[PDB]
>>> print(open('model_32.pdb').read())   # PDB, N, CA, C and O atoms and all ligand atoms
ATOM      1  N   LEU A   1      -6.457  -2.488   7.114  1.00  0.00           N
ATOM      2  CA  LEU A   1      -7.329  -2.267   8.261  1.00  0.00           C
ATOM      3  C   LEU A   1      -7.749  -0.815   8.422  1.00  0.00           C
ATOM      4  O   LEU A   1      -8.846  -0.552   8.922  1.00  0.00           O
ATOM      5  N   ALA A   2      -6.909   0.129   8.012  1.00  0.00           N
ATOM      6  CA  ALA A   2      -7.253   1.539   8.110  1.00  0.00           C
ATOM      7  C   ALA A   2      -6.336   2.334   7.200  1.00  0.00           C
ATOM      8  O   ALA A   2      -5.210   1.923   6.908  1.00  0.00           O
ATOM      9  N   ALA A   3      -6.838   3.480   6.752  1.00  0.00           N
ATOM     10  CA  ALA A   3      -6.071   4.406   5.937  1.00  0.00           C
ATOM     11  C   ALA A   3      -6.578   5.813   6.197  1.00  0.00           C
ATOM     12  O   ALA A   3      -7.716   6.019   6.624  1.00  0.00           O
ATOM     13  N   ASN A   4      -5.717   6.794   5.934  1.00  0.00           N
ATOM     14  CA  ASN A   4      -6.068   8.203   6.117  1.00  0.00           C
ATOM     15  C   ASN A   4      -5.859   8.898   4.774  1.00  0.00           C
ATOM     16  O   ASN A   4      -4.750   9.334   4.452  1.00  0.00           O
ATOM     17  N   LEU A   5      -6.931   8.992   3.999  1.00  0.00           N
ATOM     18  CA  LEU A   5      -6.916   9.628   2.692  1.00  0.00           C
ATOM     19  C   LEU A   5      -7.593  10.984   2.794  1.00  0.00           C
ATOM     20  O   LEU A   5      -8.632  11.114   3.450  1.00  0.00           O
ATOM     21  N   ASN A   6      -7.004  11.993   2.152  1.00  0.00           N
ATOM     22  CA  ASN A   6      -7.575  13.332   2.115  1.00  0.00           C
ATOM     23  C   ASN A   6      -8.239  13.639   0.780  1.00  0.00           C
ATOM     24  O   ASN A   6      -8.325  14.805   0.379  1.00  0.00           O
ATOM     25  N   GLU A   7      -8.710  12.612   0.078  1.00  0.00           N
ATOM     26  CA  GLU A   7      -9.494  12.783  -1.133  1.00  0.00           C
ATOM     27  C   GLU A   7     -10.875  12.188  -0.911  1.00  0.00           C
ATOM     28  O   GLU A   7     -11.109  11.455   0.054  1.00  0.00           O
ATOM     29  N   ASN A   8     -11.794  12.511  -1.812  1.00  0.00           N
ATOM     30  CA  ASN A   8     -13.167  12.032  -1.697  1.00  0.00           C
ATOM     31  C   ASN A   8     -13.232  10.622  -2.268  1.00  0.00           C
ATOM     32  O   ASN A   8     -13.398  10.432  -3.473  1.00  0.00           O
ATOM     33  N   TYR A   9     -13.082   9.630  -1.397  1.00  0.00           N
ATOM     34  CA  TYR A   9     -13.158   8.224  -1.760  1.00  0.00           C
ATOM     35  C   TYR A   9     -14.202   7.547  -0.886  1.00  0.00           C
ATOM     36  O   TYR A   9     -14.494   7.989   0.226  1.00  0.00           O
ATOM     37  N   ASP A  10     -14.764   6.459  -1.396  1.00  0.00           N
ATOM     38  CA  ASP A  10     -15.781   5.702  -0.672  1.00  0.00           C
ATOM     39  C   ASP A  10     -15.074   4.823   0.351  1.00  0.00           C
ATOM     40  O   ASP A  10     -14.499   3.792   0.004  1.00  0.00           O
ATOM     41  N   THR A  11     -15.123   5.231   1.619  1.00  0.00           N
ATOM     42  CA  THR A  11     -14.414   4.509   2.667  1.00  0.00           C
ATOM     43  C   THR A  11     -14.969   3.114   2.911  1.00  0.00           C
ATOM     44  O   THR A  11     -14.305   2.313   3.576  1.00  0.00           O
ATOM     45  N   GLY A  12     -16.164   2.803   2.408  1.00  0.00           N
ATOM     46  CA  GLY A  12     -16.690   1.459   2.554  1.00  0.00           C
ATOM     47  C   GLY A  12     -16.080   0.446   1.615  1.00  0.00           C
ATOM     48  O   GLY A  12     -16.087  -0.748   1.921  1.00  0.00           O
ATOM     49  N   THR A  13     -15.548   0.897   0.477  1.00  0.00           N
ATOM     50  CA  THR A  13     -14.951   0.009  -0.510  1.00  0.00           C
ATOM     51  C   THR A  13     -13.531   0.415  -0.881  1.00  0.00           C
ATOM     52  O   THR A  13     -13.024  -0.028  -1.915  1.00  0.00           O
ATOM     53  N   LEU A  14     -12.876   1.244  -0.067  1.00  0.00           N
ATOM     54  CA  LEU A  14     -11.541   1.727  -0.385  1.00  0.00           C
ATOM     55  C   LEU A  14     -10.445   0.760   0.035  1.00  0.00           C
ATOM     56  O   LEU A  14      -9.361   0.774  -0.556  1.00  0.00           O
ATOM     57  N   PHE A  15     -10.699  -0.088   1.021  1.00  0.00           N
ATOM     58  CA  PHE A  15      -9.657  -0.936   1.576  1.00  0.00           C
ATOM     59  C   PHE A  15      -9.329  -2.134   0.700  1.00  0.00           C
ATOM     60  O   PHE A  15      -8.400  -2.877   1.026  1.00  0.00           O
ATOM     61  N   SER A  16     -10.052  -2.341  -0.391  1.00  0.00           N
ATOM     62  CA  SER A  16      -9.714  -3.397  -1.332  1.00  0.00           C
ATOM     63  C   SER A  16      -8.956  -2.876  -2.542  1.00  0.00           C
ATOM     64  O   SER A  16      -8.959  -3.532  -3.582  1.00  0.00           O
ATOM     65  N   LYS A  17      -8.321  -1.709  -2.430  1.00  0.00           N
ATOM     66  CA  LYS A  17      -7.510  -1.136  -3.494  1.00  0.00           C
ATOM     67  C   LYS A  17      -6.072  -0.907  -3.054  1.00  0.00           C
ATOM     68  O   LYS A  17      -5.384  -0.062  -3.624  1.00  0.00           O
ATOM     69  N   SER A  18      -5.612  -1.636  -2.043  1.00  0.00           N
ATOM     70  CA  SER A  18      -4.268  -1.448  -1.528  1.00  0.00           C
ATOM     71  C   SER A  18      -3.233  -1.717  -2.614  1.00  0.00           C
ATOM     72  O   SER A  18      -3.480  -2.495  -3.536  1.00  0.00           O
ATOM     73  N   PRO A  19      -2.073  -1.069  -2.539  1.00  0.00           N
ATOM     74  CA  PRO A  19      -1.048  -1.279  -3.559  1.00  0.00           C
ATOM     75  C   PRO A  19      -0.629  -2.735  -3.650  1.00  0.00           C
ATOM     76  O   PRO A  19      -0.677  -3.481  -2.674  1.00  0.00           O
ATOM     77  N   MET A  20      -0.218  -3.133  -4.847  1.00  0.00           N
ATOM     78  CA  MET A  20       0.193  -4.507  -5.079  1.00  0.00           C
ATOM     79  C   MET A  20       1.515  -4.781  -4.379  1.00  0.00           C
ATOM     80  O   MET A  20       2.434  -3.963  -4.416  1.00  0.00           O
ATOM     81  N   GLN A  21       1.607  -5.938  -3.735  1.00  0.00           N
ATOM     82  CA  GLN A  21       2.782  -6.320  -2.963  1.00  0.00           C
ATOM     83  C   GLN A  21       3.681  -7.177  -3.842  1.00  0.00           C
ATOM     84  O   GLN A  21       3.354  -8.326  -4.140  1.00  0.00           O
ATOM     85  N   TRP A  22       4.817  -6.618  -4.248  1.00  0.00           N
ATOM     86  CA  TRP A  22       5.724  -7.283  -5.175  1.00  0.00           C
ATOM     87  C   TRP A  22       6.859  -8.025  -4.489  1.00  0.00           C
ATOM     88  O   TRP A  22       7.223  -9.117  -4.930  1.00  0.00           O
ATOM     89  N   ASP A  23       7.448  -7.460  -3.440  1.00  0.00           N
ATOM     90  CA  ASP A  23       8.546  -8.103  -2.727  1.00  0.00           C
ATOM     91  C   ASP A  23       8.715  -7.417  -1.378  1.00  0.00           C
ATOM     92  O   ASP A  23       7.863  -6.631  -0.953  1.00  0.00           O
ATOM     93  N   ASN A  24       9.820  -7.719  -0.700  1.00  0.00           N
ATOM     94  CA  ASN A  24      10.167  -7.096   0.575  1.00  0.00           C
ATOM     95  C   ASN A  24      11.055  -5.897   0.277  1.00  0.00           C
ATOM     96  O   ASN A  24      12.233  -6.049  -0.050  1.00  0.00           O
ATOM     97  N   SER A  25      10.488  -4.705   0.391  1.00  0.00           N
ATOM     98  CA  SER A  25      11.212  -3.474   0.116  1.00  0.00           C
ATOM     99  C   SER A  25      10.439  -2.337   0.761  1.00  0.00           C
ATOM    100  O   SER A  25       9.535  -2.556   1.571  1.00  0.00           O
ATOM    101  N   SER A  26      10.811  -1.112   0.408  1.00  0.00           N
ATOM    102  CA  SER A  26       9.990   0.027   0.774  1.00  0.00           C
ATOM    103  C   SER A  26       8.680  -0.025   0.001  1.00  0.00           C
ATOM    104  O   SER A  26       8.674  -0.073  -1.232  1.00  0.00           O
ATOM    105  N   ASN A  27       7.570  -0.045   0.736  1.00  0.00           N
ATOM    106  CA  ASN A  27       6.234  -0.085   0.145  1.00  0.00           C
ATOM    107  C   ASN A  27       6.038  -1.335  -0.710  1.00  0.00           C
ATOM    108  O   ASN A  27       5.477  -1.277  -1.803  1.00  0.00           O
ATOM    109  N   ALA A  28       6.519  -2.471  -0.210  1.00  0.00           N
ATOM    110  CA  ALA A  28       6.330  -3.770  -0.856  1.00  0.00           C
ATOM    111  C   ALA A  28       6.827  -3.777  -2.297  1.00  0.00           C
ATOM    112  O   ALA A  28       6.397  -4.600  -3.106  1.00  0.00           O
ATOM    113  N   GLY A  29       7.743  -2.876  -2.628  1.00  0.00           N
ATOM    114  CA  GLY A  29       8.274  -2.832  -3.973  1.00  0.00           C
ATOM    115  C   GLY A  29       7.363  -2.194  -4.988  1.00  0.00           C
ATOM    116  O   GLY A  29       7.625  -2.286  -6.188  1.00  0.00           O
ATOM    117  N   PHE A  30       6.304  -1.530  -4.539  1.00  0.00           N
ATOM    118  CA  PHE A  30       5.331  -0.923  -5.433  1.00  0.00           C
ATOM    119  C   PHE A  30       5.709   0.482  -5.872  1.00  0.00           C
ATOM    120  O   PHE A  30       5.386   0.869  -6.998  1.00  0.00           O
ATOM    121  N   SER A  31       6.397   1.247  -5.036  1.00  0.00           N
ATOM    122  CA  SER A  31       6.597   2.662  -5.317  1.00  0.00           C
ATOM    123  C   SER A  31       8.050   3.088  -5.377  1.00  0.00           C
ATOM    124  O   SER A  31       8.395   3.939  -6.200  1.00  0.00           O
ATOM    125  N   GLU A  32       8.907   2.542  -4.512  1.00  0.00           N
ATOM    126  CA  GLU A  32      10.302   2.963  -4.398  1.00  0.00           C
ATOM    127  C   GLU A  32      10.403   4.435  -4.008  1.00  0.00           C
ATOM    128  O   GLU A  32      11.454   5.057  -4.171  1.00  0.00           O
ATOM    129  N   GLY A  33       9.310   4.999  -3.494  1.00  0.00           N
ATOM    130  CA  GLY A  33       9.258   6.380  -3.080  1.00  0.00           C
ATOM    131  C   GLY A  33       9.126   6.516  -1.572  1.00  0.00           C
ATOM    132  O   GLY A  33       9.356   5.586  -0.803  1.00  0.00           O
ATOM    133  N   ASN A  34       8.743   7.724  -1.157  1.00  0.00           N
ATOM    134  CA  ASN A  34       8.615   7.997   0.269  1.00  0.00           C
ATOM    135  C   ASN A  34       7.282   7.503   0.812  1.00  0.00           C
ATOM    136  O   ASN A  34       7.228   6.903   1.892  1.00  0.00           O
ATOM    137  N   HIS A  35       6.200   7.741   0.082  1.00  0.00           N
ATOM    138  CA  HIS A  35       4.867   7.375   0.527  1.00  0.00           C
ATOM    139  C   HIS A  35       4.058   6.850  -0.648  1.00  0.00           C
ATOM    140  O   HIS A  35       4.374   7.102  -1.811  1.00  0.00           O
ATOM    141  N   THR A  36       3.004   6.110  -0.323  1.00  0.00           N
ATOM    142  CA  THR A  36       2.057   5.613  -1.304  1.00  0.00           C
ATOM    143  C   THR A  36       0.694   6.233  -1.041  1.00  0.00           C
ATOM    144  O   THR A  36       0.398   6.672   0.074  1.00  0.00           O
ATOM    145  N   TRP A  37      -0.138   6.268  -2.083  1.00  0.00           N
ATOM    146  CA  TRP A  37      -1.462   6.858  -1.938  1.00  0.00           C
ATOM    147  C   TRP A  37      -2.305   6.090  -0.934  1.00  0.00           C
ATOM    148  O   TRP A  37      -3.239   6.650  -0.350  1.00  0.00           O
ATOM    149  N   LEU A  38      -1.990   4.817  -0.713  1.00  0.00           N
ATOM    150  CA  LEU A  38      -2.652   3.980   0.270  1.00  0.00           C
ATOM    151  C   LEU A  38      -1.618   3.085   0.940  1.00  0.00           C
ATOM    152  O   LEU A  38      -0.707   2.587   0.271  1.00  0.00           O
ATOM    153  N   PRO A  39      -1.723   2.866   2.243  1.00  0.00           N
ATOM    154  CA  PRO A  39      -0.756   1.997   2.916  1.00  0.00           C
ATOM    155  C   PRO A  39      -0.905   0.554   2.471  1.00  0.00           C
ATOM    156  O   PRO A  39      -2.015   0.052   2.281  1.00  0.00           O
ATOM    157  N   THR A  40       0.229  -0.114   2.304  1.00  0.00           N
ATOM    158  CA  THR A  40       0.218  -1.537   2.003  1.00  0.00           C
ATOM    159  C   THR A  40      -0.194  -2.322   3.239  1.00  0.00           C
ATOM    160  O   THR A  40      -0.085  -1.839   4.369  1.00  0.00           O
ATOM    161  N   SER A  41      -0.685  -3.538   3.021  1.00  0.00           N
ATOM    162  CA  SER A  41      -1.034  -4.391   4.146  1.00  0.00           C
ATOM    163  C   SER A  41       0.213  -4.698   4.965  1.00  0.00           C
ATOM    164  O   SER A  41       1.320  -4.797   4.431  1.00  0.00           O
ATOM    165  N   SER A  42       0.026  -4.830   6.278  1.00  0.00           N
ATOM    166  CA  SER A  42       1.171  -4.959   7.173  1.00  0.00           C
ATOM    167  C   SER A  42       1.987  -6.210   6.880  1.00  0.00           C
ATOM    168  O   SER A  42       3.218  -6.176   6.963  1.00  0.00           O
ATOM    169  N   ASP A  43       1.330  -7.309   6.528  1.00  0.00           N
ATOM    170  CA  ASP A  43       2.022  -8.583   6.350  1.00  0.00           C
ATOM    171  C   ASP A  43       2.476  -8.795   4.908  1.00  0.00           C
ATOM    172  O   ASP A  43       2.244  -9.844   4.322  1.00  0.00           O
ATOM    173  N   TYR A  44       3.162  -7.812   4.331  1.00  0.00           N
ATOM    174  CA  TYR A  44       3.703  -7.991   2.994  1.00  0.00           C
ATOM    175  C   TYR A  44       5.058  -8.675   2.993  1.00  0.00           C
ATOM    176  O   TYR A  44       5.644  -8.858   1.922  1.00  0.00           O
ATOM    177  N   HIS A  45       5.566  -9.057   4.166  1.00  0.00           N
ATOM    178  CA  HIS A  45       6.825  -9.790   4.226  1.00  0.00           C
ATOM    179  C   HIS A  45       6.619 -11.260   3.895  1.00  0.00           C
ATOM    180  O   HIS A  45       7.529 -11.922   3.385  1.00  0.00           O
ATOM    181  N   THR A  46       5.431 -11.789   4.174  1.00  0.00           N
ATOM    182  CA  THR A  46       5.148 -13.200   3.946  1.00  0.00           C
ATOM    183  C   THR A  46       4.397 -13.446   2.645  1.00  0.00           C
ATOM    184  O   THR A  46       4.672 -14.432   1.955  1.00  0.00           O
ATOM    185  N   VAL A  47       3.451 -12.581   2.290  1.00  0.00           N
ATOM    186  CA  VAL A  47       2.668 -12.734   1.070  1.00  0.00           C
ATOM    187  C   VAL A  47       3.080 -11.623   0.109  1.00  0.00           C
ATOM    188  O   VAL A  47       2.731 -10.454   0.291  1.00  0.00           O
ATOM    189  N   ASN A  48       3.848 -11.994  -0.911  1.00  0.00           N
ATOM    190  CA  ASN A  48       4.190 -11.108  -2.014  1.00  0.00           C
ATOM    191  C   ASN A  48       4.709 -11.974  -3.149  1.00  0.00           C
ATOM    192  O   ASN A  48       4.974 -13.160  -2.971  1.00  0.00           O
ATOM    193  N   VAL A  49       4.853 -11.366  -4.324  1.00  0.00           N
ATOM    194  CA  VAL A  49       5.130 -12.149  -5.523  1.00  0.00           C
ATOM    195  C   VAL A  49       6.486 -12.836  -5.427  1.00  0.00           C
ATOM    196  O   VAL A  49       6.624 -14.010  -5.787  1.00  0.00           O
TER
HETATM  197  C1  LIG A 101      12.450 -10.270   1.949  1.00  0.00           C
HETATM  198  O1  LIG A 101      12.826 -11.135   0.871  1.00  0.00           O
HETATM  199  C2  LIG A 101      14.235 -11.136   0.597  1.00  0.00           C
HETATM  200  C3  LIG A 101      14.440 -11.998  -0.628  1.00  0.00           C
HETATM  201  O2  LIG A 101      14.291 -11.245  -1.824  1.00  0.00           O
HETATM  202  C4  LIG A 101      14.994 -11.640   1.818  1.00  0.00           C
HETATM  203  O3  LIG A 101      16.391 -11.603   1.557  1.00  0.00           O
HETATM  204  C5  LIG A 101      14.661 -10.772   3.022  1.00  0.00           C
HETATM  205  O4  LIG A 101      15.284 -11.296   4.189  1.00  0.00           O
HETATM  206  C6  LIG A 101      13.153 -10.714   3.234  1.00  0.00           C
HETATM  207  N1  LIG A 101      12.826  -9.828   4.340  1.00  0.00           N
HETATM  208  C7  LIG A 101      12.045 -10.195   5.361  1.00  0.00           C
HETATM  209  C8  LIG A 101      11.814  -9.159   6.420  1.00  0.00           C
HETATM  210  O5  LIG A 101      11.546 -11.314   5.427  1.00  0.00           O
HETATM  211  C1  LIG A 102      11.425  11.238   1.607  1.00  0.00           C
HETATM  212  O1  LIG A 102      12.137  11.739   2.736  1.00  0.00           O
HETATM  213  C2  LIG A 102      13.556  11.810   2.532  1.00  0.00           C
HETATM  214  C3  LIG A 102      14.165  12.250   3.842  1.00  0.00           C
HETATM  215  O2  LIG A 102      15.237  13.158   3.633  1.00  0.00           O
HETATM  216  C4  LIG A 102      13.866  12.762   1.381  1.00  0.00           C
HETATM  217  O3  LIG A 102      15.268  12.761   1.136  1.00  0.00           O
HETATM  218  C5  LIG A 102      13.119  12.334   0.125  1.00  0.00           C
HETATM  219  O4  LIG A 102      13.301  13.301  -0.902  1.00  0.00           O
HETATM  220  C6  LIG A 102      11.631  12.172   0.417  1.00  0.00           C
HETATM  221  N1  LIG A 102      10.934  11.677  -0.759  1.00  0.00           N
HETATM  222  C7  LIG A 102      10.370  12.478  -1.667  1.00  0.00           C
HETATM  223  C8  LIG A 102       9.690  11.794  -2.816  1.00  0.00           C
HETATM  224  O5  LIG A 102      10.404  13.701  -1.564  1.00  0.00           O
END
>>> encode(input="model_32.pdb", output="structure tokens")
Amino acid sequence: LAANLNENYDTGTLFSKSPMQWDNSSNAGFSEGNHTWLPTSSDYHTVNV
């Protein structure tokens, strides 16, 4: 629904590049880090691999 990126990206088509949701973890299991370049969708607890 929204993201705050400090790079030059096309905000009209940026929201369809969210990180892949693998499981229930930190950042849907995509990064295992502190932050991701883009926020994962909020409902990654129900829809993930
Ligand atoms: C996420 O999935 C795991 C199964 O791998 C489950 O044990 C856990 O309770 C789930 N978390 C939520 C918030 O649904
Ligand atoms: C994320 O924050 C925690 C808080 O202490 C820190 O330990 C960790 O190093 C941070 N992650 C990265 C990638 O720096």
>>> residues_near_ligand(input="model_32.pdb", ligand="ligand LIG 102 (chain A)", cutoff="8 Å", atoms="all atoms listed in the file", output="JSON list (two decimals) with N, CA, C and O atoms, keeping the file's coordinate frame")
[["chain", "number", "residue", "atom", "x", "y", "z"],
["A", 32, "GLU", "N", 8.91, 2.54, -4.51],
["A", 32, "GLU", "CA", 10.30, 2.96, -4.40],
["A", 32, "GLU", "C", 10.40, 4.43, -4.01],
["A", 32, "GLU", "O", 11.45, 5.06, -4.17],
["A", 33, "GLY", "N", 9.31, 5.00, -3.49],
["A", 33, "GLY", "CA", 9.26, 6.38, -3.08],
["A", 33, "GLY", "C", 9.13, 6.52, -1.57],
["A", 33, "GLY", "O", 9.36, 5.59, -0.80],
["A", 34, "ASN", "N", 8.74, 7.72, -1.16],
["A", 34, "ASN", "CA", 8.62, 8.00, 0.27],
["A", 34, "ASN", "C", 7.28, 7.50, 0.81],
["A", 34, "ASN", "O", 7.23, 6.90, 1.89],
["A", 35, "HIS", "N", 6.20, 7.74, 0.08],
["A", 35, "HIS", "CA", 4.87, 7.38, 0.53],
["A", 35, "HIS", "C", 4.06, 6.85, -0.65],
["A", 35, "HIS", "O", 4.37, 7.10, -1.81]]
>>> atom_distance(input="model_32.pdb", atom1="CA of residue 47 (chain A)", atom2="CA of residue 26 (chain A)")
14.7 Å
>>> residues_around(input="model_32.pdb", residues="region 5-14 of chain A", least_positions_apart="5", cutoff="8 Å", atoms="only N, CA, C and O atoms", output="PyMOL selection string")
chain A and resi 19+37-39
>>> write_last_selection(input="model_32.pdb", atoms="N, CA, C and O atoms", output="PDB file, in the coordinates of the input")
ATOM      1  N   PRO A  19      -2.073  -1.069  -2.539  1.00  0.00           N
ATOM      2  CA  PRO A  19      -1.048  -1.279  -3.559  1.00  0.00           C
ATOM      3  C   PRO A  19      -0.629  -2.735  -3.650  1.00  0.00           C
ATOM      4  O   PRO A  19      -0.677  -3.481  -2.674  1.00  0.00           O
ATOM      5  N   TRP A  37      -0.138   6.268  -2.083  1.00  0.00           N
ATOM      6  CA  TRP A  37      -1.462   6.858  -1.938  1.00  0.00           C
ATOM      7  C   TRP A  37      -2.305   6.090  -0.934  1.00  0.00           C
ATOM      8  O   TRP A  37      -3.239   6.650  -0.350  1.00  0.00           O
ATOM      9  N   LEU A  38      -1.990   4.817  -0.713  1.00  0.00           N
ATOM     10  CA  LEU A  38      -2.652   3.980   0.270  1.00  0.00           C
ATOM     11  C   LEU A  38      -1.618   3.085   0.940  1.00  0.00           C
ATOM     12  O   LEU A  38      -0.707   2.587   0.271  1.00  0.00           O
ATOM     13  N   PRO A  39      -1.723   2.866   2.243  1.00  0.00           N
ATOM     14  CA  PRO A  39      -0.756   1.997   2.916  1.00  0.00           C
ATOM     15  C   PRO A  39      -0.905   0.554   2.471  1.00  0.00           C
ATOM     16  O   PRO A  39      -2.015   0.052   2.281  1.00  0.00           O
TER      17      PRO A  39
END
>>> residues_near_ligand(input="model_32.pdb", ligand="ligand LIG 101 (chain A)", cutoff="6 Å", atoms="all atoms listed in the file", output="PyMOL selection string")
chain A and resi 23-24+45
>>> atom_distance(input="model_32.pdb", atom1="CA of residue 49 (chain A)", atom2="CA of residue 25 (chain A)")
12.0 Å
>>> atom_distance(input="model_32.pdb", atom1="atom C of residue 36 (chain A)", atom2="atom N of residue 18 (chain A)")
10.1 Å
>>> select_by_dssp(input="model_32.pdb", residues="chain A", states="helix (DSSP H, G or I)", output="PyMOL selection string")
chain A and resi 26-29
>>> closest_residue(input="model_32.pdb", among="A:48, A:20, A:29, A:15", to="residue 2 (chain A)", atoms="all atoms listed in the file")
A:15
